[PDB]
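K.L.:
What follows is a structure written as structure tokens; I'll ask about it next.
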Amino acid sequence: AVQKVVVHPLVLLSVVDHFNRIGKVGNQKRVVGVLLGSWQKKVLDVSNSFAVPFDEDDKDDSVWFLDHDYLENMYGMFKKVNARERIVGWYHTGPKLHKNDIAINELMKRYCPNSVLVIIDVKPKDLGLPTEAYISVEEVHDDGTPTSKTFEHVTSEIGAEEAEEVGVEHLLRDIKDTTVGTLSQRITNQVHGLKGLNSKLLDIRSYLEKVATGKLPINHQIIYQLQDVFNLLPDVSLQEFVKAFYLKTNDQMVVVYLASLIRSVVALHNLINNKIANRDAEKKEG
Amino acid sequence: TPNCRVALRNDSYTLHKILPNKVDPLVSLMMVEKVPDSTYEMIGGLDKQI
Amino acid sequence: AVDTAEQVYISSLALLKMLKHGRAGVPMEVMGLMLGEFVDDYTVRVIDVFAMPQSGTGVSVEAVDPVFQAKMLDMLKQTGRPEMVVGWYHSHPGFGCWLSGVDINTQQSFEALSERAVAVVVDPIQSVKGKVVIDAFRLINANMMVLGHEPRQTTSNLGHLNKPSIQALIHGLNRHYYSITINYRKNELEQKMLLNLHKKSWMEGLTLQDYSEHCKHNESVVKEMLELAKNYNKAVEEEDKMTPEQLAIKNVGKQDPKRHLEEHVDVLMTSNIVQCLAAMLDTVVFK
Amino acid sequence: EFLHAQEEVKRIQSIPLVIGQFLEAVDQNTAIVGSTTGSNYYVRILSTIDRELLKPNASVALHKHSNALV
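Protein chains in written order, with full-length UniProt numbering: chain A, 5 to 290; chain B, 109 to 158; chain C, 24 to 310; chain D, 71 to 140.
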């Protein structure tokens with residue numbers, strides 16, 4: 005019953021660290037570590053974490069090794085330095101996940117009952133794509149379909165702390181993106197707010213034409229999850245929109261009509277005071 | 109200077125500036141600053157004491 | 024030997040360990056060890072910083088059993104990468120940044136055991152608005168007090184990177200220790216993704232301001248610039264028609280010019296021209 | 071940079087702070103104020119604070135460190 009997780013801006017920096025702590029000699033091209041958290045009531049929080057030596061062979065894709073003794077000491081070391089933080093799960097990077105992630109999860113559920121994984125992106129960082137989290141659930145599948153795992157998605161957000169947010173602003177120092185914007189940042193928030201829109205909409209038809217052909221089998225779960233999108237968008241016809249839209253559009257044109265009136269008197273007064281001061285310095289210089 | 113105030117540093121305790129406006133805290137009750145409240149003739153009778 | 028061109032290279036995830044461990048114990052002076060690498064004589068980097076458990080009070084801090092440190096560094100060799108330590112840190116929450124009595128004793132122990140061992144001071148309760156007062160200091164020997172102390176000007180960039188304030192030069196500067204310059208090792212796939220996850224949005228641009236309080240907010244903006252326009256009518260025209268001095272008390276301590284009356288107009292446009300145009304897209308986009 | 075300085079002055083004042091009293095004014099942009107914890111101070115003021123509001127011993131605001139008339 006996880007609503008959402010809160011990833012502090014510290015742990016992903018430790019992943020980017022440990023993505024570079026192995027890349028000098030390692031060709032593993034995935035980083036698997038241990039996620040520590042603070043399960044408060046219903047929302048999940050992640051403050052600190054660490055990593056663990058893990059490898060995986062591409063042949064037979066079922067062989068793995070976790071270091072339990074390093075997990076027992078270092079989590080026990082963190083408990084002594086901070087008896088607030090505890091285990092909440094694990095994490096791995098790489099978009100394409102290997103299939104030992106059920107085998108890793110079902111082992112370390114002996115540590116955490118509500119075990120959770122967090123997928124981050126180190127290289128796919130160009131578009132708007134945050135970190136990703138799933139959940140460990142065990143059902144059959146749907147009704148009469150064969151049994152499997154089916155990691156369900158839990159939505160994720162990012163939240164800092166008081167020093168963890170003020171220390172960020174001192175680091176950037178390049179554009180800094182001020183609060184409430186002066187008509188230039190706000191339009192770009194609608195520009196790149198829409199650049200991610202059709203990128204989702206191109207992605208829907210790409211999976212749809214993949215399954216309209218029939219290569220991969222269908223999932224009925226996504227069908228009605230897509231079907232309530234199209235028969236719940238509004239249709240603007242008469243007396244519910246076209247009356248009520250002008251009632252707030254002809255409302256907001258009255259107050260910008262003051263901006264036409266007031267700002268014209270502002271620059272006119274600055275014109276008068278300069279044309280007085282110009283001709284009076286001119287007539288008295290000679 | 110008698111009853112002179114200075115600007116003093118808080119960490120090294122060194123002088124910063126001589127302050128003007130000699131020491132008079134709570135002068136709100138003093139310096140009444142308004143003369144017209146009553147004229148002269150509205151007393152009467154007791155003219156010896158004036 | 025000693026230069027005046029040293030720059031400690033702290034990482035971004037180093038400093039986030041510094042403020043979080045410093046804000047964790049505020050009234051008890053947290054205390055940890057700083058791990059990095061000496062790449063040459065006079066540039067030192069530090070990327071990952073761990074912490075130590077403490078048992079100290081609000082003015083001094085002690086330590087714990089030293090079987091924790093050597094067992095920690097042994098386990099950090101097999102995971103990630105190994106290093107040797109380059110200094111230490113603490114938190115001075117009350118005052119600013121200067122090295123106390125036992126702070127110089129543990130500094131003499133580390134520069135003799137290790138090589139040079141830069142110490143870092145953090146005020147956790149000062150880094151509040153937008154700025155941090157973190158600084159790093161470094162002990163100088165007392166024998167070379169008849170010649171230069173941080174001598175031998177190689178460059179000229181050592182003057183505008185640090186200007187010691189009056190509260191700093193009273194305790195140890197510059198007869199006991201000296202200060203050192205700090206830059207930030209910023210790179211890619213760490214800094215860009217730091218802002219690709221914090222100050223981002225998807226639907227924030229194409230979302231209405233929920234007119235239950237939007238046009239309600241514009242009532243209390245029109246009425247206050249109404250009163251400023253009541254104030255503006257008399258003010259300028261009386262000042263110009265009585266005396267043309269272009270000066271006193273309407274110059275020295277005033278606030279009602281033509282700077283105050285259009286910024287309320289400036290807020291009222293940006294809050295509404297965006298809000299007008301945000302309700303124009305969904306008429307086309309959403310059928 | 072001018073929009074930076076507007077936001078900097080904006081967030082210098084929205085913080086938890088102490089309350090002192092205005093005592094005296096030296097000149098333009100400098101005053102003498104004493105807090106409620108005794109120990110009369112000497113700090114500087116801002117230009118946003120209107121100078122025609124500070125005749126009596128009025129209730130003012132002070133920073134915890136810079137201790138100025140915020």
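In this text, a Cβ means the ideal position worked out from N, Cα and C, and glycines have one as well.
What residues from chain A crowd round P147 of chain C, counting only those whose CB sits closer than 8 angstroms?
P.N.:
Per Cβ cutoff of 8 angstroms: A167.
K.L.:
Go ahead and pull the three-state DSSP assignment for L217 of chain C.
P.N.:
It is helical.
K.L.:
Could you list which residues in chain D have their beta carbon closer than 7 angstroms to that of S136 of chain B, in chain order?
P.N.:
Here the neighbours are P126 and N127.
K.L.:
Would you mind sorting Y148 of chain B into buried or exposed? The rule is 16 or more other CB atoms within 10 Å of its CB.
P.N.:
With fewer than 16 Cβ atoms within 10 Å of its Cβ, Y148 of chain B is classed as exposed.
K.L.:
Whether or not the stretch 25–32 of chain C and the stretch 110–130 of chain B are in contact is what I'm after, with contact meaning three or more pairs of Cβ atoms, one per stretch, closer than 8 angstroms; do they touch?
P.N.:
Touching, no, given that fewer than three Cβ pairs across the two stretches are closer than 8 angstroms.
K.L.:
Using CA coordinates, which residue listed in C:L212, C:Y65 and C:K43 is at the minimum distance from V53 of chain C?
P.N.:
Taking only the C-alpha atoms, the option nearest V53 of chain C is C:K43.
K.L.:
Buried or exposed: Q256 of chain A, going by 16 or more other Cβ atoms within 10 Å of its Cβ?
P.N.:
Result: buried.
K.L.:
Residues in the stretch 265–282 of chain C with C-beta within 7 angstroms of chain D's C-beta atoms, listed in sequence order?
P.N.:
Answer in chain order: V275, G276 and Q278.
K.L.:
Mind checking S53 of chain A: buried by the 16 CB within 10 Å criterion, or exposed?
P.N.:
Answer is buried; the Cβ neighbour count reaches 16.
K.L.:
Please report the residue range of the alpha helix (DSSP H) in which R113 of chain B lies.
P.N.:
Note, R113 of chain B: premise wrong, no alpha helix (DSSP H); beta strand (DSSP E) at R113 to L116.
K.L.:
Give the single residue among C:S132, C:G119 and C:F133 whose Cα lies nearest to the Cα of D146 of chain C.
P.N.:
When only C-alpha atoms are compared, the closest one is C:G119.
K.L.:
What is the DSSP secondary structure of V155 of chain C, reduced to helix, strand or coil?
P.N.:
Of the three classes helix, strand and coil, the one that applies to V155 of chain C here is coil, per DSSP.
K.L.:
Can we say the stretch 122–133 of chain A touches the stretch 87–102 of chain A, given the rule of at least three CB pairs closer than 8 angstroms?
P.N.:
Yes, they touch.
K.L.:
Taking 8 angstroms as the cut-off, does the stretch 149–166 of chain C touch the stretch 76–91 of chain D (at least 3 CB pairs, one atom from each stretch)?
P.N.:
Cβ pair count under 8 angstroms is three or more, so yes.
K.L.:
Can you look up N197 of chain C in the DSSP assignment and give me helix, strand or coil?
P.N.:
If DSSP states are grouped into helix, strand and coil, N197 of chain C belongs with coil.
K.L.:
Can you find a CB in chain A that lies within less than 9 angstroms of the CB of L73 of chain D?
P.N.:
Output row for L73 of chain D: interface = yes.
K.L.:
State the start and end residues of the unbroken beta strand (DSSP E) segment that holds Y112 of chain C.
P.N.:
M107 to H113 is the extent of the beta strand (DSSP E) around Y112 of chain C.
K.L.:
Using a cut-off of 9 angstroms between C-beta atoms, extract the partners of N129 of chain B located in chain D.
P.N.:
Here the neighbours are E94, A95, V96 and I102.
K.L.:
Any beta-carbon of chain D closer than 9 angstroms to the one on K279 of chain A?
P.N.:
No, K279 of chain A does not count as interfacial toward chain D.
K.L.:
Ordered along the chain, which non-local residues of its own chain (more than five positions away) have a Cβ less than 8 angstroms from that of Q214 of chain C?
P.N.:
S35.
K.L.:
What's the gap between the Cα of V140 of chain D and the Cα of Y111 of chain D?
P.N.:
Rounded to whole angstroms, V140 of chain D to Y111 of chain D spans 14 angstroms at the Cα level.
K.L.:
Out of C:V244, C:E286, C:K310 and C:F160, which has the shortest C-alpha to C-alpha gap to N185 of chain C?
P.N.:
Among C:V244, C:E286, C:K310 and C:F160, the Cα nearest to that of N185 of chain C belongs to C:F160.
K.L.:
Would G153 of chain C pass as an interface residue toward chain D - the criterion being a Cβ-Cβ separation below 9 angstroms?
P.N.:
Yes, contact with chain D.
K.L.:
Along chain D, which residues have their Cβ under 7 angstroms away from the Cβ of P133 of chain B?
P.N.:
Simply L93.
K.L.:
Can you tell me whether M57 of chain C is buried or exposed, with buried defined as 16 or more other CB within 10 angstroms of its CB?
P.N.:
Its Cβ being crowded by 16 or more others within 10 Å, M57 of chain C is buried.
K.L.:
For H145 of chain A, which residues from the same chain have a beta carbon less than 7 angstroms from its beta carbon, with the 5 sequence-adjacent residues on both sides left out?
P.N.:
The residues are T151, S152 and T154.
K.L.:
My guess is that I127 of chain C and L162 of chain C are in contact by the Cβ rule of under 8 angstroms, so how many angstroms apart are they, rounded?
P.N.:
About 7 angstroms; that satisfies the 8 angstroms criterion.
K.L.:
Please identify the residue among C:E227, C:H287, C:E85 and C:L220 whose C-alpha is closest to the C-alpha of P13 of chain A.
P.N.:
Answer by Cα proximity: C:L220.
K.L.:
Let me know the secondary structure DSSP gives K264 of chain C once reduced to three states.
P.N.:
Of the three classes helix, strand and coil, the one that applies to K264 of chain C here is helix, per DSSP.
K.L.:
Considering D239 of chain A, what are the terminal residues of the alpha helix (DSSP H) in which it resides?
P.N.:
Here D239 of chain A belongs to no alpha helix (DSSP H), and DSSP marks it neither H nor E.
K.L.:
By how many angstroms is the C-alpha of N206 of chain C removed from the C-alpha of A248 of chain A?
P.N.:
Distance between the alpha carbons of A248 of chain A and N206 of chain C: 57 angstroms.
K.L.:
Buried or exposed for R283 of chain A, going by 16 or more other Cβ atoms inside 10 Å?
P.N.:
Result: exposed.
K.L.:
Do you know offhand how far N235 of chain A's Cα is from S241 of chain A's?
P.N.:
Roughly 15 angstroms separates the two Cα atoms.
K.L.:
Helix, strand or coil, according to DSSP, for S136 of chain D in the structure here?
P.N.:
Coil, per DSSP.
K.L.:
Beta-carbon separation of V92 of chain A and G41 of chain A under 9 angstroms?
P.N.:
Yes.
K.L.:
Can you tell me whether DSSP reads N202 of chain A as helix, strand or coil?
P.N.:
Helix at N202 of chain A.
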